[PDB]
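Chemist: Dropping in data-v6.cif, which is mmCIF, C-alpha atoms:
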data_input
loop_
_atom_site.group_PDB
_atom_site.id
_atom_site.type_symbol
_atom_site.label_atom_id
_atom_site.label_comp_id
_atom_site.auth_asym_id
_atom_site.auth_seq_id
_atom_site.Cartn_x
_atom_site.Cartn_y
_atom_site.Cartn_z
ATOM 1 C CA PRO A 67 10.720 -10.618 -11.298
ATOM 2 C CA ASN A 68 12.469 -7.713 -9.574
ATOM 3 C CA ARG A 69 9.575 -5.257 -9.955
ATOM 4 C CA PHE A 70 6.252 -6.164 -8.311
ATOM 5 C CA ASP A 71 3.087 -4.135 -8.803
ATOM 6 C CA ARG A 72 0.351 -3.720 -6.207
ATOM 7 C CA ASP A 73 -1.955 -6.294 -7.817
ATOM 8 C CA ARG A 74 0.860 -8.823 -8.266
ATOM 9 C CA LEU A 75 1.816 -8.777 -4.582
ATOM 10 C CA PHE A 76 -1.844 -8.772 -3.531
ATOM 11 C CA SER A 77 -2.371 -11.921 -5.605
ATOM 12 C CA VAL A 78 0.797 -13.480 -4.165
ATOM 13 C CA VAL A 79 -0.266 -12.858 -0.563
ATOM 14 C CA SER A 80 -3.812 -14.023 -1.357
ATOM 15 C CA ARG A 81 -2.495 -17.540 -2.042
ATOM 16 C CA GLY A 82 -0.222 -17.357 1.011
ATOM 17 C CA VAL A 83 2.977 -18.522 -0.700
ATOM 18 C CA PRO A 84 6.202 -17.295 0.952
ATOM 19 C CA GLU A 85 8.373 -18.841 -1.778
ATOM 20 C CA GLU A 86 7.118 -16.220 -4.273
ATOM 21 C CA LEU A 87 8.276 -13.396 -1.975
ATOM 22 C CA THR A 88 12.057 -13.483 -2.601
ATOM 23 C CA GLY A 89 11.765 -10.548 -4.972
ATOM 24 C CA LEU A 90 10.623 -7.728 -2.717
ATOM 25 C CA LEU A 91 13.753 -6.725 -0.780
ATOM 26 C CA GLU A 92 15.694 -6.082 -3.991
ATOM 27 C CA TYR A 93 12.793 -4.030 -5.364
ATOM 28 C CA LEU A 94 12.714 -1.870 -2.232
ATOM 29 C CA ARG A 95 16.492 -1.404 -2.146
ATOM 30 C CA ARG A 96 16.790 -0.630 -5.888
ATOM 31 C CA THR A 97 14.436 2.358 -6.259
ATOM 32 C CA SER A 98 14.975 3.527 -2.643
ATOM 33 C CA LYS A 99 11.248 3.465 -1.917
ATOM 34 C CA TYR A 100 9.444 2.159 1.174
ATOM 35 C CA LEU A 101 6.883 -0.613 1.538
ATOM 36 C CA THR A 102 4.850 1.894 3.598
ATOM 37 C CA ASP A 103 4.706 4.424 0.740
ATOM 38 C CA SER A 104 1.834 5.071 -1.713
ATOM 39 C CA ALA A 105 3.115 2.488 -4.205
ATOM 40 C CA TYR A 106 1.968 -0.696 -2.420
ATOM 41 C CA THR A 107 -1.587 -0.107 -1.118
ATOM 42 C CA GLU A 108 -4.933 0.762 -2.674
ATOM 43 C CA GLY A 109 -5.621 4.486 -2.798
ATOM 44 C CA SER A 110 -9.374 4.301 -2.171
ATOM 45 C CA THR A 111 -9.530 2.052 0.900
ATOM 46 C CA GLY A 112 -5.937 1.739 2.087
ATOM 47 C CA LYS A 113 -5.830 -2.046 2.447
ATOM 48 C CA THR A 114 -2.149 -3.000 2.610
ATOM 49 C CA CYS A 115 -0.495 -6.308 1.735
ATOM 50 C CA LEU A 116 -0.377 -7.416 5.380
ATOM 51 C CA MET A 117 -4.093 -6.752 5.867
ATOM 52 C CA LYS A 118 -5.077 -8.512 2.634
ATOM 53 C CA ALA A 119 -2.991 -11.439 3.861
ATOM 54 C CA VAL A 120 -4.894 -11.421 7.165
ATOM 55 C CA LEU A 121 -8.283 -11.273 5.409
ATOM 56 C CA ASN A 122 -7.767 -14.847 4.179
ATOM 57 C CA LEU A 123 -6.340 -17.814 6.090
ATOM 58 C CA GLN A 124 -6.920 -21.305 4.708
ATOM 59 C CA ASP A 125 -6.917 -23.089 8.086
ATOM 60 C CA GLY A 126 -6.322 -20.185 10.448
ATOM 61 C CA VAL A 127 -2.669 -20.328 9.388
ATOM 62 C CA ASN A 128 -0.685 -18.316 6.837
ATOM 63 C CA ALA A 129 2.989 -18.968 6.123
ATOM 64 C CA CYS A 130 3.187 -15.706 4.141
ATOM 65 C CA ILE A 131 2.465 -13.323 7.034
ATOM 66 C CA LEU A 132 5.964 -13.784 8.479
ATOM 67 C CA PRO A 133 8.105 -13.048 5.359
ATOM 68 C CA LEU A 134 6.406 -9.686 4.890
ATOM 69 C CA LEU A 135 7.103 -8.998 8.564
ATOM 70 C CA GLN A 136 10.846 -9.606 8.450
ATOM 71 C CA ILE A 137 11.266 -7.938 5.047
ATOM 72 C CA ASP A 138 9.425 -4.861 6.352
ATOM 73 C CA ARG A 139 11.263 -4.621 9.697
ATOM 74 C CA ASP A 140 14.694 -4.301 8.044
ATOM 75 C CA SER A 141 13.750 -1.362 5.795
ATOM 76 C CA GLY A 142 10.589 0.110 7.322
ATOM 77 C CA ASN A 143 10.220 3.840 7.876
ATOM 78 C CA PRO A 144 8.940 4.347 11.480
ATOM 79 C CA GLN A 145 5.565 2.775 10.619
ATOM 80 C CA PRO A 146 6.011 -1.007 10.153
ATOM 81 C CA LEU A 147 2.693 -1.302 8.246
ATOM 82 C CA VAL A 148 1.330 -2.661 11.522
ATOM 83 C CA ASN A 149 0.318 0.743 12.892
ATOM 84 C CA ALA A 150 -0.826 1.937 9.444
ATOM 85 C CA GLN A 151 -4.573 1.945 8.841
ATOM 86 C CA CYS A 152 -7.164 2.856 6.213
ATOM 87 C CA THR A 153 -7.742 6.483 5.237
ATOM 88 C CA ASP A 154 -11.264 6.250 3.781
ATOM 89 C CA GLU A 155 -14.082 7.981 5.651
ATOM 90 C CA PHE A 156 -15.855 4.644 6.161
ATOM 91 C CA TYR A 157 -12.873 2.877 7.780
ATOM 92 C CA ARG A 158 -10.811 5.792 9.107
ATOM 93 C CA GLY A 159 -8.658 4.094 11.737
ATOM 94 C CA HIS A 160 -9.213 0.408 10.991
ATOM 95 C CA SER A 161 -5.769 -1.185 11.340
ATOM 96 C CA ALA A 162 -4.501 -4.711 10.716
ATOM 97 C CA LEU A 163 -4.819 -5.710 14.379
ATOM 98 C CA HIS A 164 -8.563 -5.093 14.083
ATOM 99 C CA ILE A 165 -8.809 -7.614 11.233
ATOM 100 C CA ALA A 166 -6.625 -10.031 13.199
ATOM 101 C CA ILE A 167 -8.940 -9.864 16.217
ATOM 102 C CA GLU A 168 -12.126 -9.914 14.109
ATOM 103 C CA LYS A 169 -11.155 -13.067 12.171
ATOM 104 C CA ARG A 170 -10.806 -14.884 15.538
ATOM 105 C CA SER A 171 -7.150 -15.856 15.088
ATOM 106 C CA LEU A 172 -5.057 -15.463 18.243
ATOM 107 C CA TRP A 173 -1.926 -16.559 16.371
ATOM 108 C CA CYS A 174 -1.764 -13.551 14.039
ATOM 109 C CA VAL A 175 -2.748 -11.308 16.956
ATOM 110 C CA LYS A 176 0.440 -12.532 18.617
ATOM 111 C CA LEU A 177 2.587 -12.053 15.495
ATOM 112 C CA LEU A 178 1.230 -8.508 15.359
ATOM 113 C CA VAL A 179 1.898 -7.800 19.034
ATOM 114 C CA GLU A 180 5.480 -9.067 19.451
ATOM 115 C CA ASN A 181 6.629 -7.274 16.278
ATOM 116 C CA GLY A 182 5.169 -3.995 17.558
ATOM 117 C CA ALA A 183 1.504 -2.968 17.567
ATOM 118 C CA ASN A 184 -0.032 0.192 19.015
ATOM 119 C CA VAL A 185 -2.986 -1.334 20.879
ATOM 120 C CA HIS A 186 -4.368 2.193 21.343
ATOM 121 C CA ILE A 187 -5.224 2.624 17.651
ATOM 122 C CA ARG A 188 -8.750 4.011 17.331
ATOM 123 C CA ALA A 189 -10.931 3.008 14.372
#
How does this structure look as structure tokens?
Modeler:
Amino acid sequence: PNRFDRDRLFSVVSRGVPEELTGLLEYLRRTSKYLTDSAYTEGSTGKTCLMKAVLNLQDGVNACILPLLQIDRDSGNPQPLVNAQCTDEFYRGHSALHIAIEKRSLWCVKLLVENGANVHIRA
């Protein structure tokens, strides 16, 4: 339960269950890695856990977006995975705020903007 792979956490955030997220902080603080490192996102595209959470909302509401936010703001390296975007040539610059705006959900746009969001991110 302590160690969580990329696919495991992607599946957890796909269902939007915060209760299955009380295993991440220990994992980050044990191996002294960062949630913003190259051990949590897909290499090809760059889709992070926060983005994959934003790609699916059951009723325009996700209770799992917040827990990632407070568990990433206590140990994040200067990028809070809010200003981090894809690296592929197709989507070079596409950040989570772009998904938030595109899905037509003002709520998550807020959650992104109070917790810090460079609005001047070019896709």
Chemist: Restricting the calculation to all atoms listed in the file, which member of A:153, A:136, A:128, A:143 is positioned closest to residue 82 in chain A?
Modeler: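 When distances to residue 82 in chain A are compared using all atoms listed in the file, the smallest one comes from A:128.
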Chemist: To verify the selection step, state as a list in words which residues the PyMOL selection byres ((chain A and resi 95) around 12) yields on this input.
Modeler: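 Selection result, ordered by chain and number: residues 68, 69, 89, 90, 91, 92, 93, 94, 96, 97, 98, 99, 100, 101, 137, 138, 140, 141 and 142 of chain A.
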Chemist: How about saving the chosen residues, C-alpha atoms kept, as a compact mmCIF listing (two decimals), in the coordinates of the input?
Modeler:
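Final output, selection-v6.txt:
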# COMPACT_ATOMS: atom_id res chain seq x y z
CA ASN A 68 12.47 -7.71 -9.57
CA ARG A 69 9.57 -5.26 -9.96
CA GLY A 89 11.76 -10.55 -4.97
CA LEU A 90 10.62 -7.73 -2.72
CA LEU A 91 13.75 -6.72 -0.78
CA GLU A 92 15.69 -6.08 -3.99
CA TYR A 93 12.79 -4.03 -5.36
CA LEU A 94 12.71 -1.87 -2.23
CA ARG A 96 16.79 -0.63 -5.89
CA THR A 97 14.44 2.36 -6.26
CA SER A 98 14.98 3.53 -2.64
CA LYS A 99 11.25 3.46 -1.92
CA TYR A 100 9.44 2.16 1.17
CA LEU A 101 6.88 -0.61 1.54
CA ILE A 137 11.27 -7.94 5.05
CA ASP A 138 9.43 -4.86 6.35
CA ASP A 140 14.69 -4.30 8.04
CA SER A 141 13.75 -1.36 5.80
CA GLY A 142 10.59 0.11 7.32
Chemist: To one decimal in Å, tell me the separation between CA of residue 129 in chain A and CA of residue 83 in chain A.
Modeler: 6.8 Å
Chemist: Give, as JSON, the centre coordinates and the x, y and z edge lengths in Å to one decimal for an axis-aligned box around all listed atoms of range 143-154 of chain A, padded by 3 Å on each side.
Modeler:
{"center_x": -0.5, "center_y": 1.9, "center_z": 8.3, "size_x": 27.5, "size_y": 15.1, "size_z": 15.1}
Chemist: Write out as a list in words the residues lying within 6 Å of range 161-168 of chain A, counting all atoms listed in the file and excluding same-chain residues fewer than 6 positions away.
Modeler: residues 117, 151 and 175 of chain A
Chemist: What's the 10 Å shell around residue 126 in chain A, counting only C-alpha atoms, without same-chain residues fewer than 4 positions away, as JSON, numbers by chain?
Modeler: {"A": [120, 122, 169, 170, 171, 172, 173, 174]}
Chemist: What residues come out when you apply the PyMOL selection byres ((chain A and resi 77) around 12) to this file, written as a PyMOL selection string?
Modeler: chain A and resi 70-76+78-83+86-87+115+118-119+122+130
Chemist: Between CA of residue 183 in chain A and CA of residue 149 in chain A, what is the distance, to one decimal in Å?
Modeler: 6.1 Å
Chemist: With distances taken over all atoms listed in the file, which residue among A:88, A:104, A:182, A:150 lies nearest residue 116 in chain A?
Modeler: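 Under the stated criterion, the closest residue is A:150.
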Chemist: May I ask for the distance between CA of residue 159 in chain A and CA of residue 188 in chain A, given in Å to one decimal place?
Modeler: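 These two atoms are separated by 5.6 Å.
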Chemist: Which of these residues is nearest to residue 85 in chain A, using only C-alpha atoms: A:113, A:131, A:146, A:106?
Modeler: A:131
Chemist: Using all atoms listed in the file, which residues sit within 6 Å of residue 160 in chain A once same-chain residues fewer than 2 positions away are excluded, as a PyMOL selection string?
Modeler: chain A and resi 151-152+157-158+189
Chemist: Taking into account all atoms listed in the file, which residue in the set A:154, A:125, A:184, A:145 is nearest to residue 110 in chain A?
Modeler: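 Smallest distance to residue 110 in chain A is found for A:154.
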Chemist: Taking all atoms listed in the file into account, which of A:185, A:105, A:179, A:121 comes nearest residue 135 in chain A?
Modeler: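 Looking only at the distances to residue 135 in chain A, the closest residue turns out to be A:179.
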Chemist: So, with all atoms listed in the file as the atoms that count, which of A:156, A:133, A:127, A:84 lies closest to residue 112 in chain A?
Modeler: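 Comparing A:156, A:133, A:127, A:84 against residue 112 in chain A, the winner is A:156.
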